[PDB]
Amino acid sequence: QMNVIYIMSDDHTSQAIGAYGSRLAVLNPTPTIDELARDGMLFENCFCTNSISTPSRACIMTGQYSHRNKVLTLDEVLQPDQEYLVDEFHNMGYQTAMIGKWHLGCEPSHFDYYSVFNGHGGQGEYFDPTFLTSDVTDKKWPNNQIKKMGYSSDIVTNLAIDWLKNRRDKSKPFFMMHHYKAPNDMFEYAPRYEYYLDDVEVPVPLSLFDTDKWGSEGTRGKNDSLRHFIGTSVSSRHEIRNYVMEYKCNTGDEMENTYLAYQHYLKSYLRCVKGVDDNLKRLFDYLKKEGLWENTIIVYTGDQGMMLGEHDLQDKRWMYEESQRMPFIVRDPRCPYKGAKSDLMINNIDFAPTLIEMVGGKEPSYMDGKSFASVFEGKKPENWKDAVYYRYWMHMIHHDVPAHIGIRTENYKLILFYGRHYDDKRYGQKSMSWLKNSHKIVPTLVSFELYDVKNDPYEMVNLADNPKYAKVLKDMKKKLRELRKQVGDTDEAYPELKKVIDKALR
Ligand SMILES: O=S(=O)(O)OC[C@@H]1O[C@@H](O[C@H]2[C@@H](O)[C@@H](CO)O[C@@H](O[C@H]3[C@@H](O)[C@H](O)[C@H](O[C@@H]4[C@@H](O)[C@H](O)O[C@H](CO)[C@@H]4O)O[C@H]3COS(=O)(=O)O)[C@@H]2O)[C@@H](O)[C@H](O)[C@@H]1O
Ligand code: NA
């Protein structure tokens with residue numbers, strides 16, 4: 001029976017992995033992960049269904065869409081009763097371990113062992129983190145706390161290794177979720193990486209300085225009336241929260257300021273990536289010397305992508321390619337296609353069924369996702385989807401990103417910005433509640449964006465208003481509407497949203 005280690009890093013986006021060949025690949029940002037890929041399978045078209053941490057982690061644990069599992073935003077929590085992935089591995093006879101960032105709000109009580117970040121509401125701290133652990137038994141969760149000194153990524157690795165070495169019943173297979181809190185948003189990298197990339201310019205995306213054909217009234221207002229209101233930015237564009245502000249650039253030329261903020265942003269981020277890649281080398285070295293390399297399935301992914309200055313955007317939440325796509329790599333020592341790529345359209349909701357089937361189980365029938373385990377034996381799964389659904393619910397909060405739904409096929413992406421919050425109490429409250437002068441949560445404009453992702457992979461050119469694409473628009477609207485129905489995301493419980501979205505979809 002196969003062991004499993006599911007490795008997931010916070011906000012580690014596909015641009016920031018060498019094997020995915022972005023403009024950043026020339027920097028060799030992840031040699032260890034690229035090596036994993038060279039001896040594994042790399043998935044080109046893996047998409048988050050809702051790109052923030054807690055909802056994506058709920059989708060992963062439950063195999064269900066946000067609207068089914070009900071963890072819509074960062075404001076909602078999982079129930080322990082919903083820890084279905086770990087329940088399914090328990091039921092197959094595995095010992096189970098949860099290591100690192102949990103961020104699901106409830107106790108990981110369905111695990112045999114856990115040791116998870118508790119500080120700053122589940123995000124944990126980059127230095128001297130505290131953890132909650134099933135080993136502290138004289139206190140009840142969430143007060144069963146320990147503290148460790150030093151850099152968080154190194155400690156996370158140490159927790160996994162210590163469990164493997166001293167705690168696991170070596171007579172049983174194990175299933176472990178190993179979640180790094182880096183690189184995250186903070187980007188508080190370890191001091192040993194201080195001069196990593198000091199002498200190199202990070203490739204800059206053209207879209208950081210040119211957004212001429214991108215977006216729509218839903219993301220910019222009419223004639224850019226909302227250009228300083230929607231979408232936190234790298235440049236000074238966003239009037240409340242941007243990296244020119246945060247990094248205090250003041251050269252006298254705003255374009256220069258944007259450039260320097262991009263450079264600091266990216267260098268800090270990539271130093272955090274480098275910490276994770278180095279720690280992965282430690283982990284894999286241990287697994288190999290312990291005799292576990294050839295009987296352990298290894299997954300490496302990130303909970304969602306992240307905008308690294310593309311279109312002068314930051315963070316995630318958007319359904320734009322860099323935020324929607326998750327890097328996803330699987331090394332199954334049994335799989336013979338080593339260093340292979342798969343273009344299958346998959347979602348984070350498909351992770352649990354696939355893993356379960358990979359070890360001999362059956363894809364759970366109460367899950368929304370399905371198992372593509374057959375790809376590792378060289379067969380496309382039966383009747384598999386050729387398009388993915390996306391919905392971001394958390395209207396405006398934190399980063400002034402409007403709520404939207406969307407469909408992405410192999411050729412086109414259609415986004416519908418509906419600009420509403422599902423809890424109308426929120427209207428009028430601050431989007432960024434720690435800021436005296438925050439914008440307020442208000443309804444934004446309704447609009448469509450259409451991208452040819454085959455010919456315009458960087459989503460530079462919104463096509464929705466080009467008469468040459470009217471039929472395409474029509475077809476994609478039909479598909480969006482039908483997909484929304486197939487997945488049961490029809491908004492009966494939120495009639496305001498239902499009215500707006502149904503009207504927009506003709
Ligand atoms: O998807 S992720 O990868 O997890 O990234 C999401 C994240 O979202 C925003 O940051 C918020 C995020 O970390 C969230 C937890 O999921 O926590 C929010 O901060 C809250 C608390 O954790 C903080 O401690 C702080 O509140 C305390 C406050 O409770 C106390 O009264 O006083 C304290 C004094 O130090 C402090 O004010 O702030 C709250 C804010 O909560 S709220 O925004 O929901 O109303 C994080 O802000 C993004 O900003 C981030 O970039 C990232 O996208
Ligand atoms: Na994240």
Side-chain angles (χ1 to χ4, degrees), residues 7-16 47-61 66 71-78 100-106 116-126 129-130 142 152-153 156 177 179-185 187-188 231-234 238 240-243 245-247 265 268-269 272-273 276 300-309 313-319 322-328 348 392-401 421 423 425-436 438-441:
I7 306 181
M8 178 160 88
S9 292
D10 198 343
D11 292 346
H12 190 178
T13 187
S14 66
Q15 312 88 286
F47 296 101
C48 188
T49 59
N50 183 0
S51 280
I52 21 173
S53 173
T54 296
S56 176
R57 281 154 202 280
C59 289
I60 287 164
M61 179 58 85
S66 305
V71 185
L72 302 186
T73 73
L74 296 157
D75 288 323
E76 284 89 17
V77 296
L78 199 74
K101 182 173 159 175
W102 177 238
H103 206 194
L104 284 154
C106 67
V116 296
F117 288 107
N118 58 339
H120 303 37
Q123 306 283 23
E125 317 85 328
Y126 274 89
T130 63
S152 65
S153 296
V156 164
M177 312 187 73
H179 293 180
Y180 289 99
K181 70 144 307 175
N184 166 317
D185 285 77
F187 325 133
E188 300 193 58
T232 54
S233 60
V234 177
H238 193 281
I240 308 298
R241 177 187 182 169
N242 66 66
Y243 281 123
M245 271 186 51
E246 200 226 17
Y247 292 146
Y265 175 32
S268 304
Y269 177 83
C272 288
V273 171
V276 170
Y300 184 83
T301 193
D303 50 357
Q304 2 83 176
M306 196 169 217
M307 300 314 280
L308 296 170
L313 293 173
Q314 63 164 274
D315 203 78
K316 46 273 185 194
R317 298 156 196 264
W318 300 100
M319 169 188 196
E322 293 83 358
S323 173
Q324 192 196 353
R325 168 175 280 104
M326 299 154 84
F328 189 75
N348 52 346
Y392 174 64
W393 293 84
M394 182 172 227
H395 181 59
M396 285 288 103
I397 288 146
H398 293 156
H399 276 287
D400 290 355
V401 182
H421 199 285
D423 161 23
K425 266 88 156 165
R426 287 320 273 291
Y427 291 128
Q429 297 171 4
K430 297 166 155 100
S431 60
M432 317 166 175
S433 60
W434 60 95
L435 300 172
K436 191 164 73 118
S438 179
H439 293 152
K440 293 207 199 136
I441 308 155

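If you read the sequence from its start, that first residue is 1, and numbering goes on from there. Worth knowing before you read on, the calculation uses all heavy atoms, side chains too, and leaves out hydrogens, waters and symmetry mates. Both ligands and their constituent atoms are indexed starting at 1 by order of listing.
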* To do: Would you indicate whether the side-chain heavy atoms of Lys316 and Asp11 approach each other to under 4.5 Å?
  => yes
* Report the C-alpha distance between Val77 and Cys106 in whole Å, list the side-chain angles of each, state the deciding distance to 0.1 Å, and finish with yes or no for side chain to side chain contact (heavy atoms under 4.5 Å, CB included). => CA-CA 7 Å; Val77 296; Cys106 67; 5.7 Å; no
* Is there any N or O on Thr54 that sits under 3.5 Å from an N or O of ligand 1? -> no
* To do: Determine the sole option in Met307, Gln304, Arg241, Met306 for which the side-chain contact (heavy atoms from CB on, under 4.5 Å) test with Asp315 is passed.
  => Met306
* Less than 4.5 Å apart, any side-chain heavy atom of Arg57 and any of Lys101? -> yes
* Check the side chains of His12 and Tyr300 for a donor-acceptor pair under 3.5 angstrom, ignoring hydrogens and angles. => yes
* Nearest option to atom 41 (O) of ligand 1, as decided by whichever heavy atom of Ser56, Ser433, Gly119 sits closest -> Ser433
* Asked: Is there side-chain contact between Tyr180 and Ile7, with heavy atoms separated by less than 4.5 Å?
  -> yes
* Asked: Between the side chains of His238 and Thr232, is a donor N or O closer than 3.5 angstrom to an acceptor N or O?
  -> no
* Just going by heavy-atom distances, which of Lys430, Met394, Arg317 is nearest to atom 8 (O) of ligand 1? -> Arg317
* Asked: Of all the atoms in ligand 1, which lie at a distance below 4.0 Å from a heavy atom belonging to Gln123?
  -> 2 (S), 4 (O), 5 (O), 6 (C), 12 (C), 13 (O), 15 (C), 16 (O)
* Would you check the N or O atoms of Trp434, main chain and side chain alike, for any that come under 3.5 Å of an N or O of ligand 1? => no
* To do: Using a 4.5 Å cut-off on heavy atoms from C-beta on, say whether the side chain of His421 contacts that of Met396.
  => no
* To do: Check the Na ion (ligand 2) and write out every protein N, O or S atom at under 3.0 Å, as residue and atom.
  => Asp10 OD1, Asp11 OD1, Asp303 OD1, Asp303 OD2, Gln304 OE1
* Asked: Counting from 1, what ligand 1 atoms have a heavy atom of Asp315 closer than 4.0 Å?
  -> 51 (O), 52 (C), 53 (O)
* To do: Report the part of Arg241 (side chain from C-beta onward, or backbone N, CA, C, O) that has a heavy atom under 4.0 Å from ligand 1; answer both or neither where that applies.
  => side chain
* Side chains of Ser431 and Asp400, donor plus acceptor under 3.5 Å -> yes
* Contact with ligand 1 for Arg57, non-hydrogen, under 4.0 angstrom -> no
* Between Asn242 and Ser233: side-chain donor-acceptor atoms closer than 3.5 Å -> no
* Structure fact -> Per-atom filter on ligand 1: closer than 4.0 angstrom to a heavy atom of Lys101 are 3 (O), 4 (O)
* Start with the C-alpha distance between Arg426 and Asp75, add both sets of side-chain angles, then the distance that settles salt bridge (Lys or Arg N to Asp or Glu O under 4.0 Å), and finish with yes or no. => CA-CA 12 Å; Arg426 287 320 273 291; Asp75 288 323; 3.0 Å; yes
* Where's the contact between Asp10 and ligand 1, heavy-atom distance under 4.0 Å: side chain, backbone, both or neither? -> side chain
* Asked: Run the side chain to side chain contact (heavy atoms under 4.5 Å, CB included) check on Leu74 and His398 step by step: do they pass?
  -> CA-CA 10 Å; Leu74 296 157; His398 293 156; 3.7 Å; yes
* Asked: Any idea which atoms of ligand 1 are less than 4.0 Å away from a heavy-atom of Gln304?
  -> 1 (O), 3 (O)
* For ligand 1, which atoms sit closer than 4.0 Å to a heavy atom of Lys316? -> 1 (O), 2 (S), 3 (O), 5 (O), 6 (C), 52 (C), 53 (O)
